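Protein chains in written order, with the entry's author numbering: chain P, 15 to 134; chain t, 352 to 369; chain w, 180 to 427; chain u, 659 to 731. Every residue gets a Cβ at the ideal spot worked out from N, C-alpha and C, and that includes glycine.
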Amino acid sequence: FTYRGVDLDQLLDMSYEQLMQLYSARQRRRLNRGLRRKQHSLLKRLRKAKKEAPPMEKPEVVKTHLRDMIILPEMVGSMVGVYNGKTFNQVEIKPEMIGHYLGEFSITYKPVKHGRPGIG
Amino acid sequence: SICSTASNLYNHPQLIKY
Amino acid sequence: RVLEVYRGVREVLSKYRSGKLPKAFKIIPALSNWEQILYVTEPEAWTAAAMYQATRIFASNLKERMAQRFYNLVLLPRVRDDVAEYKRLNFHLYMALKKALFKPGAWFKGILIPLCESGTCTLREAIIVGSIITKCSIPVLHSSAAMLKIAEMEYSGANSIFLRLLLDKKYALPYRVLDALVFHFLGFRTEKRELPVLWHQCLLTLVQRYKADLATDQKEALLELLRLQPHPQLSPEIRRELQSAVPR
Amino acid sequence: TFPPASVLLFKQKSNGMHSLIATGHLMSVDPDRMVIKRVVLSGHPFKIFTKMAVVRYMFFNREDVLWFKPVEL
RNA sequence: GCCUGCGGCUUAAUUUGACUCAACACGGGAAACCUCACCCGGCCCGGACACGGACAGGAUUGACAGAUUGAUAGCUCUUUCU
Numbered sequence: 015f016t017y018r019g020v021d022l023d024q025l026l027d028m029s030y031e032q033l034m035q036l037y038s039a040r041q042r043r044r045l046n047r048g049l050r051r052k053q054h055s056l057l058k059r060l061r062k063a064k065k066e067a068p069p070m071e072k073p074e075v076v077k078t079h080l081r082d083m084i085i086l087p088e089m090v091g092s093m094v095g096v097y098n099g100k101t102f103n104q105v106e107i108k109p110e111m112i113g114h115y116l117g118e119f120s121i122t123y124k125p126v127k128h129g130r131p132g133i134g
Numbered sequence: 352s353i354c355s356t357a358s359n360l361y362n363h364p365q366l367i368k369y
Numbered sequence: 180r181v182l183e184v185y186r187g188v189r190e191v192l193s194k195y196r197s198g199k200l201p202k203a204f205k206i207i208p209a210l211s212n213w214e215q216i217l218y219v220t221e222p223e224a225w226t227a228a229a230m231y232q233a234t235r236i237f238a239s240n241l242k243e244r245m246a247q248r249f250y251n252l253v254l255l256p257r258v259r260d261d262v263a264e265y266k267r268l269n270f271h272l273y274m275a276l277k278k279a280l281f282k283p284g285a286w287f288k289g290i291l292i293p294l295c296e297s298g299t300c301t302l303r304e305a306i307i308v309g310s311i312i313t314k315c316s317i318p319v320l321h322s323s324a325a326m327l328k329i330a331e332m333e334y335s336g337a338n339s340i341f342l343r344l345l346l347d348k349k350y351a352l353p354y355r356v357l358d359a360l361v362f363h364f365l366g367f368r369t370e371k372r373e374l375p376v377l378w379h380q381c382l383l384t385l386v387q388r389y390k391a392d393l394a395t396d397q398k399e400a401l402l403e404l405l406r407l408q409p410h411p412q413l414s415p416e417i418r419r420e421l422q423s424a425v426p427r
Numbered sequence: 659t660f661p662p663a664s665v666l667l668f669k670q671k672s673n674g675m676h677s678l679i680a681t682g683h684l685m686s687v688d689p690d691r692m693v694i695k696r697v698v699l700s701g702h703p704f705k706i707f708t709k710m711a712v713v714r715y716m717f718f719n720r721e722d723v724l725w726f727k728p729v730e731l
C-alpha cells in the first residue's frame, strides 16, 4: 500500500511535523489547530492496548465516543468501537482510512426503507 | 402476527341434536 | 505563590458543575491560614456544588468551632441570599445543609440558634431547616440541649415550628427542659398575642408525646393556660390529650 | 342433569367440617357458554397535550406497543 | 431540478399547537454547544416515624496509585491510610 507516494513503513517512521503536509484541507487544518487532551489520552489507551496484545493476536478493541478523531496512521491495525448514539460499532482500522474520521465508520441512523401511505 | 392468528374450528363435543 | 493558586481555584470553583478537585482543595482543614485563603476564593461567587463539597470536606475533617465559624461566616449568609432570592433552595445547597448536619453541635450553636438569635428568623427558612432536621438523626442529650436553648429565646414566627419538629424527634426528656417549657407556657398565660396555629400544634405534639412526665402543679398550669389561651379548634384537642394522661 | 336442581356448595374448614358457602339453582347446561377472563393493564399520563398524551408504566419494551396497537384504551 | 413547510413512510429519536380566512418561512424556529424538547448508556440520592439485626471489638465519609463500562465512576476492587 502507498499513500501520496509514501509507504506504510515510511509513514509510520515519519515524524508528527511532516505528516501535516500529507493530509487534506480539514485535516491539515485541525493538525495546525493542535489535538486535545482527550484525544491524547485516547491515543495513550490505544498505545497500551496495542502493546500488551499477544504477537499472533489483534489488539483488544477500545470503545470510544470521539467521532471527530482524525484516523492517524499509527492507529492502523487496532480495533475501535465507535459510538453512534446507541451502539459501539467495532471497526478494524485498515490503512485505507488514514485520511478520514472515525465518525463515518459507525453510520448513525438506519436507512429509510419505505412502507406505504395510510391516510395521507 | 400482532393481534390476530389462525385458531380455526377443529374438534368439538358430542352434540345431541334435538 | 499562594494568591495565584487560590485565585485559580476561585475561578475553578466559580462555575463548579463537576470534575475532580486538586490537592489544593483538600488540605484546608490542615491550613491554619484558611480565612485568608477563603476571601481570595470569594465565597459568594461559588457554585452551590462547590458549597456542597466544601461542607463535605469540612464536616469530614474539621473541629467543632471551625465548622461553626464556617457555618456562620460563609454558609448562613449565602443561605439567606439564596432563600431571599429564590424562595427555594438549590439541591446542592440542600444536600449541603445535610452535609452541615454531618455535625449537629456546630449546627445548633452556629446556624439554628443563631438564626433565631439573628432576629429576622423567618418562616420559610424555618420550614427548610426544620425539615432537614427531621430527616437527620441527632444525639439525645444534644436534642434536649437544643430544646433547652430554643426555649430560652423570644417568640418570632420560627420558635414553634422548630420546637414542634424537635418534639417530633421523640426522645425522653429530663426535668429541667420540661420545667423551662412549662414556665414559658406560663409566660404565655395572660399574654393577649394571637399565637399561631403551629404553636397550638406544638403544644398538641407536646401533650401527645410527653404525657408521661406531668406533675400535678404542672397539669394545673397547663389547665390555666388552656383556660386563658384557647383556640376554637386545637384547644379542645390539647384539652382531650390532657384528659388522657398518666403522671411521672 | 336436567333442571330444576338445587346447588349447594360447602368447603372443608378442617377435618370434615363442611362449612356452607353457596346455594342456588341450575341454569342451562351446555359448553357453548364461554367464559371471558379480563386483565386491566394500568398506566399514568405523564405528558398531557390537547387530545394527545404520552403514557408510560403500561409497557416496557417498544414493540409491545406494536403488538397491542389496534386494541383501544 | 433544487429548497422548505404540512401530512404520509421510515427512524432509538427523525419534537410540538393549530386542520379549507384567523392551518400553512407564526412558539424570531435558518438546528454543529446553547436553541433537547428525542434516544442509548452511565453518576448522586428518592423522606420522616415504629419493630428486629450490624454498631465504638468501629458505624462510615474523605482518601494517592492501577483494572473499569462508551467516560481519572477512590460512587466498584488491592493501597485500606484515615
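Of all the options P:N103, P:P131 and P:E88, which has the alpha carbon lying nearest to the alpha carbon of P:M111? Counting from 1 along the first sequence, the entry for residue 111 of chain P is found at position 97. Selected option, being the one with the closest Cα: P:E88.
How would you list, in chain order, the residues of chain u whose beta-carbon sits under 8 Å from the beta-carbon of t:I367? Numbered from 1 along the second sequence, position 16 holds the residue referred to as residue 367 of chain t. Chain u residues near t:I367: none, gap ~10 Å exceeds 8 Å.
Helix, strand or coil: how does DSSP classify w:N240 here? In the third sequence, residue 240 of chain w corresponds to position 61, counting from 1. The answer is helix: DSSP assigns w:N240 an H, G or I state.
Got a sec: is the Cβ-Cβ distance from u:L667 to anything in chain t below 8 Å? By 1-based counting over the fourth sequence, the position of residue 667 of chain u is 9. With 8 Å as the cut-off, u:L667 does not count as an interface residue toward chain t.
I want to see whether chain t comes within less than 8 Å of u:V729, judged by CB atoms only; does it? Within the fourth sequence, the letter at position 71 stands for residue 729 of chain u. Yes, its Cβ sits closer than 8 Å to a Cβ of chain t.
Excluding the 5 residues preceding and the 5 following w:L360 in the sequence, name in chain order all residues of the same chain whose CB lies nearer than 6 Å to its CB. Translated into the one-based positions of the third sequence, residue 360 of chain w becomes position 181. Excluding positions up to five away in sequence, the list reads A330.
Could you work out which residues of chain t lie near u:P661, taking near to mean beta carbons separated by less than 7 Å? Walking along the fourth sequence from the start, residue 661 of chain u turns up at place 3. By Cβ distance, chain t contributes nothing, its closest Cβ being about 16 Å from u:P661, past 7 Å.
Compare the Cα-Cα distances from P:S38 to each of P:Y17, P:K52, P:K124 and P:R61 and report the closest residue. Here residue 38 of chain P corresponds to residue number 24 of the first sequence, with the count starting at 1. Checking every option, the nearest Cα to that of P:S38 belongs to P:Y17.
Name, in chain order, the residues that DSSP records as bridge partners for P:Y17. Within the first sequence, numbered from 1, the residue matching residue 17 of chain P stands at position 3. In the DSSP output, where bridge partners are listed per residue, P:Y17 has P:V20.
Assign P:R42 to one of three DSSP states: helix, strand, or coil. Stepping through the first sequence from its first residue, residue 42 of chain P is reached at position 28. Three-state DSSP puts P:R42 in a helix.
Please identify, using Cβ separations under 8 Å, the residues of the region 668-698 of chain u that lie next to chain t, in order along the chain. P689
Can you look up residue 120 of chain w in the DSSP assignment and give me helix, strand or coil? The shown model of chain w, from 180 to 427, leaves out residue 120 of chain w, and the question about it has no answer.
Quick check: what's the CA-CA separation for w:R355 versus w:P415? The residue given as residue 355 of chain w occupies position 176 in the third sequence. The residue given as residue 415 of chain w occupies position 236 in the third sequence. Approximately 27 Å between the Cα atoms of the pair.
u:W725 burial status per 10 Å Cβ neighbour count (16 or more: buried): What you label residue 725 of chain u is simply residue 67 of the fourth sequence in a count that begins at 1. By the neighbour-count rule (16 or more Cβ atoms within 10 Å), u:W725 is not buried but exposed.
Please return the same chain residues whose Cβ sits closer than 7 Å to the Cβ of u:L684, not counting the five positions on each side in sequence. Taking the fourth sequence and counting its residues from 1, one reaches residue 684 of chain u at position 26. So the qualifying residues of the chain are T659, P661, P662, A663 and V665.
Note the first and the last residue of the continuous alpha helix (DSSP H) segment covering w:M326. Against the third sequence, residue 326 of chain w aligns to sequence position 147. Run containing w:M326: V319 to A330, per the alpha helix (DSSP H) assignment.
Helix, strand or coil for t:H363? Go by DSSP, reduced to three states. Your numbering for residue 363 of chain t matches position 12 in the second sequence. Reduced to three states, the DSSP call for t:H363 is coil.
With distances taken from CA atoms, which of w:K349, w:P409 and w:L342 is nearest w:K371? In the third sequence, the residue the question calls residue 371 of chain w occupies position 192. Per the Cα distances, w:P409.
Measure the C-alpha to C-alpha separation of u:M675 and u:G682 and round it to an integer number of angstroms. For the purposes of this step, residue 675 of chain u is identified with residue 17 of the fourth sequence, where counting begins at 1. For the purposes of this step, residue 682 of chain u is identified with residue 24 of the fourth sequence, where counting begins at 1. Taking the straight line joining both Cα atoms gives about 21 Å.
Return the CA-CA distance between P:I84 and u:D722, expressed in angstroms with no decimal places. For this step, residue 84 of chain P is matched to residue 70 along the first sequence. For this step, residue 722 of chain u is matched to residue 64 along the fourth sequence. So the alpha carbons of these two residues sit roughly 41 Å apart.
Counterpart residues of u:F668 in DSSP-defined beta bridges: The residue given as residue 668 of chain u occupies position 10 in the fourth sequence. Note: u:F668 sits in a beta bridge opposite u:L678.
With H, G and I counted as helix, E and B as strand and the rest as coil, what does DSSP make of w:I340? Along the third sequence, read from residue 1 onward, the residue named residue 340 of chain w stands at position 161. Of the three classes helix, strand and coil, the one that applies to w:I340 here is helix, per DSSP.
With DSSP run on the structure shown, which of helix, strand or coil describes u:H683? Position 25 of the fourth sequence, counted from the start, is the residue given in the question as residue 683 of chain u. Note: u:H683 maps to strand in three-state DSSP.
For w:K314, which of w:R388, w:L210 and w:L345 has the nearest alpha-carbon? Locating residue 314 of chain w in the third sequence gives position 135, where the first residue counts as 1. Looking at the Cα atoms, w:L345 is the closest of the given residues.
What do you get for residue 457 of chain w, buried or exposed, if any count of 16 or more other CB atoms within 10 angstroms of its CB means buried? The structure shown has nothing for residue 457 of chain w, since chain w only spans 180 to 427.
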